[PDB]
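In what follows, a structure is listed as structure tokens, so that the remarks can point back to it.
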Amino acid sequence: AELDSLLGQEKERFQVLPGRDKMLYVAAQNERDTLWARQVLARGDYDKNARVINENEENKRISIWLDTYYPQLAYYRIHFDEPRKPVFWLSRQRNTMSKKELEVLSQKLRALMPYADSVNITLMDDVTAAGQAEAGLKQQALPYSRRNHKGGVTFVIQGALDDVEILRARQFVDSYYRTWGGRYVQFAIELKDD
Amino acid sequence: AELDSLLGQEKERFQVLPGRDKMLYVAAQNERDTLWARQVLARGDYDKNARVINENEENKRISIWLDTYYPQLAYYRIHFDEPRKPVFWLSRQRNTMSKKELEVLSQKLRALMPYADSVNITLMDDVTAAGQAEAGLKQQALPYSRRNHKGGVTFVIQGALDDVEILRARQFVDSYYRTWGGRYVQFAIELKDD
Amino acid sequence: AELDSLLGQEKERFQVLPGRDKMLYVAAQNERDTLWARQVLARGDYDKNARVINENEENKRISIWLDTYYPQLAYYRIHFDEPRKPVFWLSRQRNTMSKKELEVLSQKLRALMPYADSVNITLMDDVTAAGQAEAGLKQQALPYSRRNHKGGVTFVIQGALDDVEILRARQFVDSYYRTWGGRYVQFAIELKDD
Amino acid sequence: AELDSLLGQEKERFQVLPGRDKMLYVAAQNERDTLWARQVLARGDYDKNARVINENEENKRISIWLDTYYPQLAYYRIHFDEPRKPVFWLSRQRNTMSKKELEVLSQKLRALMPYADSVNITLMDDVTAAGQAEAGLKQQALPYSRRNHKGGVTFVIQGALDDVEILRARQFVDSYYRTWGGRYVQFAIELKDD
Amino acid sequence: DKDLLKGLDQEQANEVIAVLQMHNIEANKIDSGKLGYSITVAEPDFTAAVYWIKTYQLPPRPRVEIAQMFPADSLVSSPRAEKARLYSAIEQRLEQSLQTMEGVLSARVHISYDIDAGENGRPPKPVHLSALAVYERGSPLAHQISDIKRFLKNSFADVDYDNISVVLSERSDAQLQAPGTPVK
Amino acid sequence: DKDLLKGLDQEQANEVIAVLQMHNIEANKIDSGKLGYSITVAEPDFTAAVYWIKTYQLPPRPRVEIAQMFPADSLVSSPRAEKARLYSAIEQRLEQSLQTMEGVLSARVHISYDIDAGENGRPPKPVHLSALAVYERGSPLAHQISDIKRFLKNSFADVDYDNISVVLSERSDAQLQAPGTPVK
Amino acid sequence: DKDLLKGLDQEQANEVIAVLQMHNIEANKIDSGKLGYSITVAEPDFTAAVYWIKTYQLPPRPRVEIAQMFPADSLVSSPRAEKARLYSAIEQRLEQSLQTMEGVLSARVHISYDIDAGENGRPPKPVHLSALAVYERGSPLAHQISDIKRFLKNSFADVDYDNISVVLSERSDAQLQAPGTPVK
Amino acid sequence: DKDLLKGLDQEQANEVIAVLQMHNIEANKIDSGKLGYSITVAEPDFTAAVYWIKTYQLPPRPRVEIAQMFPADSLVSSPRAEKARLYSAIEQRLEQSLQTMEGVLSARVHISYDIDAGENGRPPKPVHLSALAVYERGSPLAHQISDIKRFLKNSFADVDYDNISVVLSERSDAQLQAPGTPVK
């Protein structure tokens, strides 16, 4: 019995990736569908080795690896919009790595992920990461306060706020944390009176 | 049993599109009819692969794709008034893309949507997007306040408002969000006293 | 069984139009008679394809089509007093379309409506649309306030009003919205005290 | 069974008109006798097509037709004192239609009414329409106020009024609305205190 | 032969027939003993017969007057109850007296009620009246609007002529034809 | 032959049929003795028949008036209870009287209630009224809006014409056709 | 043939079917005598049928009004209880009257309650109202927002137009298709 | 075939199945007569089924409202008890009325209670409100946050718009798939 029939009725929400270390991976797209597929592999109706990898949790796994062997590296987030060729975003203005060891960085992120074929490391402009976070925030008409410093920027939002100004806030934070990640700019929604 | 008989009595609200990756798609026109057709494909009375795509949800799907591979792109909304030839609206005054890679952008949006034959990318004037939003708002006799800035405009509507001035507001917002989308101009209905 | 016998006793309130895409349409004249004829086609006592089109709803259907492919077009309303030859009213002083593409506009509105034979596009004077709305309003002896601006005009009616002055108002609004439509001039009945 | 025996005992209140589109019409003279004859044609004891046309409702039917194809036409009311030759009253001082297209206007009102043989369009003096409305109003000894403007005149009657002065009012309004119609001069009975 | 109302009383049944015969459907009144009456119409006219029940709110609820809620069977009484039971019988007696004038067919009179006239030290406010009438046709009813307005003036303590408003009309056109059975 | 309502009363059953016959489905009223009525529709029309029960909130709850909650069967009474039971019977009597004007088919009247008028030393505030009406069609209902506004003025102590608001409309278009059985 | 609800009442059962037929699953209403009704759906549709019970909080608890908690069967009563039982019947009567306007299908009205108006020497504060409505579609519901706002103004002592807020919408799109049995 | 809950009521059983079917284990609802229901799951899924009982605190305790602790069956009552039983029925009636707006599926309303407002000579403090809502998806729920905030404003004596806070969200993504039996 192949694993793509042991899952749900739609063979649509789950995409099955053949690995490289003789293991067969299951890629789910949110947390609720991760517990759907981990329940199958835990009752034990599959004779071979399998895993369930998530878009959020495969980021937090190799952020632990990358915080041990390569410290002081300014990166943003890893996107899995197609899981066989992931994209590793990387800051441009805060690293002095040359052309040669960027290939070494890609050939070791390939070793952490046996389901991937190659990791495409790209470099993006660092000013525009703080540019879209501010120009998107003035569009929602929210009060804020920018605090620039070396190696990061933060936006402080305090004051008595009605629910129109904190429902539009939480919809902009969660759509920005998905794209750019919370390693360069972090928001501060603190709700106090005056 | 062909799928257009397994649906409701009228073969009118649902239009069935043959795909390109050996899958057969169902196009519904609102959210309530999406749960009508997804209930059929979930009880499992169809032997082949099928999906239900919606006008609202097929926009939010490839807006995630387009926020990863092509950042800093100023676009408006994708219209599916005929689903085999969708129209990709695109801003004119905020991009410097040449003639050649606009063909590359169309040939990759074709790969995301197997039901489409070609994607017609058009460029429209950016001033008139903020022109119809203001001239339509003065016609409803509403108080407002324009706040121009770089990369977007916002309209703030506050004050004590009776229900004649917030029923005409919500009918103009929802008829404008359907046409132009909420990526360039966003309205702010905040209802507070004085 | 031909469809004109499956309807009510009078073969008078419903007029049956042969289509062009091998479908057979039913034209009702108000909303209550639309649910009379849609109940027949939904219980399924007709072997062929049929629809029920309404005078109000066939306007809102192709106003969505015309707000996507031809923006910035100043039009008023489409009249179906004889359904085989509809009349498309169009503003004169706010468009610079030449003689040739007005034929192209008619030959594509024919493609949206398979029951029609030809669409007669006429151009009418734009000042008289705001002329009959004001001269009809002074005849009812109502207080008002004109606010001219570019691309539209609005009439504001506020103040404490007895029921003689808001029964004559609502009978003049609903008889004017039927003829000219609510795209050029829109009324504002706001009832507040002083 | 001929239709003039299926009606009431008197063959006097109903006059049966042979049509031209192979239909047979019934002319009633008030609203209560319209529901008498429409009840017969709705239970279905007649094998052929028939209608019931009313003096009030045949005016409101082709006033919709005449407000679409011929706007800006100043007319008063259509009289059916003999139904085979109706009289179309028409204003003289507010139209510049020549001799030839007044025949075209009559030959198209004949097409709307298959029971009529010819429509006699006459032109009457416009000052005397406002002349009989004022000289009849001073005879009833009522307080009023004339407000002349372009394209119409209105008479405002306010103040605290006993029932002698609003019973004579409502008997003069309803006998004037039958003759001249409410398109040129409209009365305003507003009853407020002082 | 389809029922639409059953269990009716006497005056509730003789009026529903007067409604349905006015709109050209023929009804039958079938007695059923102590269970009240019942009204059945023909089967082709059953659709129209249901629509004219919803429209006119038939059958008629019985006519309610003020003395029906302040009964004389109570052990104790209040000065508020005795005044509102006294004005409720003047109000019935005035409409018994308007029906015997020439040409009048029906009438309804209303009286303004004072409840805290003497309970807080007010002077009693002036009395207002209002009346309706349905005349036999052919009468010049612009002139008979003053005889009712004269008769009702000095039937109380002190009213004025600007405080009495009578609103009257002529009766509807007569129904004298048999409706007609549906031919099948 | 599928039931959708059973146990109904008389006026709750003659209106649900008037709803369903307006939307081109045919219903049957089956008596069942002392258990009330029951309404069954055809099996192809069962889906549409359930949707027009949810929409119009059918069956109708019985119409509630103010005197039903302050009953006369109480042993003791209060001045707050006797005033709200008196105004509740004037309010029923005025809508009995609007139905006998020419062309009126139904009417509902509302009265503003004073509860602490004399309980704290206030003067009693002015009385407000409001009314509805459903006319027979063909009537110039811009002109008959003053006769109701004159009849309701001097039926109380002291109202003004800016304190009475009557809101009226014409009746809906008539339903005279049989709906039609689903052909199978 | 799997049960999901049993023991339901009449109006609790005719609405759950209206929920499930809107989402393309077909349910059956089985009477069981004095034990109430019961609803069973097909076995391939049992998963979806449980999810639309949790989401819409079905079956409906019966609609609660203020007079149900201050009953008339008490031996004694208070001035706080008689006012909150009086406003609870005006509030029911106003929503009975909004349903007879043209195009209205359902309405709910709310009244602001005063509890220590006269118990500590305050003047009674101004009355506020709020209303809902569900219209028949095709109506220009920007213009009928003033007729409700005029009808509710002078139904009480003294309100202003900035104190009445009516919030209305059009009804949902009609369900006229049979759902369809799961083919096996 | 291992039991995990038994003795449940009706609404306590139709929700535990909605929990367990969301996490891809299949449960069975077995009636047992007057002893209540019982839920049994498969034996390979018994470990996961116990973990999702501890996490969600299942079975649900019945929903508690303020009027359940101040019953009407008491012989005597206090002014503190009648106010907290009156506000407890306005609070239930407002959430019955939010469920009939367009797109709303569930709602819960809370009212601030005054207990020593008039017992020590204070003026009564201003009233605060708060509300929740679960919308049907696809709705622009940034704009419908003002219609609830307008409807709740003039349902009481005197609130301000800075004193009403409504917090709303869209419903979760639908569960329409059968879970799937453990293959052995």
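For clarity, chains are labelled A, B, C, D, E, F, G and H in written order, and residue numbers in each chain start from 1.
Keep in mind that, in the parts below, a contact is a pair of C-beta atoms (placed from the backbone, for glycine too) under 8 Å apart; a residue touches a chain by one contact, two chains touch by 3 or more.
These are the chains along with the protein names UniProt gives them: E, F, G, H = Lipoprotein PrgK.
**Q** Please determine the option from D-E, B-H or D-F whose contacts repeat those of A-H, over half of the contact pairs being identical by residue number.
**A** Interface equivalent to A-H, from the options D-E, B-H or D-F: D-E.
**Q** Weigh A-H against G-H on C-beta contact pairs and write down the one with more.
**A** G-H
**Q** Closest chain to the overall C-alpha centroid, by per-chain C-alpha centroid: which is it?
**A** Chain closest to the assembly's C-alpha mean: G.
**Q** Would you kindly tell me how far, in whole Å, the mean C-alpha position of chain G (Lipoprotein PrgK) lies from that of chain D?
**A** So the centre of chain D lies 45 Å away from the centre of chain G (Lipoprotein PrgK).
**Q** Please report how many Å separate the Cα centroid of chain B from that of chain G (Lipoprotein PrgK), as a whole number.
**A** That gives a centre separation of 35 Å.
**Q** For chain G (Lipoprotein PrgK), jot down the residues that touch at least 2 other chains.
**A** 44, 48, 106, 134, 142, 146-147, 149-150, 161-162, 165, 167, 172, 174, 176-178
**Q** Which chain A residues reach two or more other chains?
**A** Within chain A, the residues that touch at least two other chains are 9-10, 162, 164.
**Q** Okay, what are all the chain pairs that touch?
**A** So, checking each combination of chains, I get A-B, A-H, B-C, B-G, B-H, C-D, C-F, C-G, D-E, D-F, E-F, F-G, G-H as the touching pairs.
**Q** Residue numbers of chain D touching chain C in their complex, please.
**A** 41-44, 49, 51, 64-65, 67-69, 71-72, 147, 149-152, 154, 156, 186, 188-192
**Q** Tell me, which parts of chain G (Lipoprotein PrgK) touch chain B in their complex?
**A** 22-25, 44-45, 48, 141-142, 145-146, 149, 161-162, 165-167, 172-173, 177-178, 180, 182-184
**Q** Where on chain H (Lipoprotein PrgK) is chain G (Lipoprotein PrgK) touching in the complex?
**A** 10-11, 14-15, 17-18, 21-22, 29, 31, 67, 72, 77, 79, 82-83, 85-86, 88-90, 92-94, 96-97, 100-102, 105-106, 117-118, 121, 123-124, 147, 150-158, 171, 174-179
**Q** In the complex, go through chain A and note every residue touching chain H (Lipoprotein PrgK).
**A** Listed in rising order, the residues of chain A that touch chain H (Lipoprotein PrgK) are 1, 6, 8-10, 32, 35-36, 39-40, 42-45, 160, 162-164, 167-168, 171.
**Q** Within their complex, state which residues of chain F (Lipoprotein PrgK) touch chain G (Lipoprotein PrgK).
**A** 2-7, 44, 47-48, 50-51, 53-57, 59, 63-66, 68-71, 74, 78, 80-81, 84, 106, 108, 110, 112-116, 119-120, 125, 128-130, 132, 134, 163-165, 167, 169, 172
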